[PDB]
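# When you get a sec, could you give me coordinates for this:
(2 chains)
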Amino acid sequence: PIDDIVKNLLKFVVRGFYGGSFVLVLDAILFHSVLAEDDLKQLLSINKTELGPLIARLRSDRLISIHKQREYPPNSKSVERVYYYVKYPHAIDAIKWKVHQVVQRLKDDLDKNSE
DNA sequence: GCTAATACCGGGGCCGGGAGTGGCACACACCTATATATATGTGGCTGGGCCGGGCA
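Numbering: from 1, shown residues only, chains lettered A, B, ... in the order given. This is the structure:
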């Protein structure tokens, strides 16, 4: 289908331009449509200061959007859970525009050393 | 002159937190044991002679 080609695209871009934990979180969202913050912490066994910059990096690239869902279950605790969701069109647009900017920025450097 | 729908304020009940307390993990210095030369520098303890108090 067309939806799976977007998944392979995100795997190629995140795997190709970032480290491993980025595709760890990425695949962790590709397996579960709504991934809680406590599930990703207990999954990769990473600290909060290590889960922070990863989610912030995946949000700065417009790859995923977050959904802070409310909770008032058992102990009447307002348990908020940041459920991550893959933003397909904004991520594809980010990939296309970033590729265009890479081509344009690598084309300008050739004209300077030509003379 | 008369009546029903609308909006503002207060009280009792309910939820999040962060400095406090406590717990867990990792890394680095101490200092006990022993050795010689050296000496001022006391700190502390003990025996003999002298004096004052108790006793015959």
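# Quick check: residue A:85 is in a helix.
No. Per DSSP: H, G, I helix; E, B strand; the rest coil, residue A:85 lies outside any helix segment and is strand.
# My read is that it contacts residue A:67, right?
Yes. Counting by Cβ atoms under 8 Å, residue A:85 does reach residue A:67; the two are 5.9 Å apart. Backbone N, C-alpha and C define where each C-beta goes, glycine included.
# So for those two, which sits in the more crowded spot?
A count of neighbours by other Cβ atoms under 10 Å puts residue A:85 above the other of residue A:85 and residue A:67, at 13 against 10.
# The residue nearest to the more buried one when sequence neighbours are not counted in helix, strand or coil?
Nearest-residue entry for residue A:85: residue A:65, 5.4 Å, with adjacent residues in sequence omitted and distances by Cβ to Cβ, 6 or more residues apart in numbering. Secondary structure for residue A:65, judged by three-state DSSP, is strand.
# these two touch, right, residue A:65 and residue A:87?
Yes. Between residue A:65 and residue A:87 there is a contact under Cβ under 8 Å: 4.6 Å.
# Tell me which of the two has more neighbours.
The neighbour count for residue A:65 versus residue A:87, taken as other Cβ under 10 Å, is higher for residue A:87 (18 against 14).
# what does chain A have sitting close to DNA strand B?
By the rule Cβ under 7 Å from any atom of the strand, the part of chain A lying against DNA strand B is A:71-72, A:76-79.
# Sounds good, over and out.
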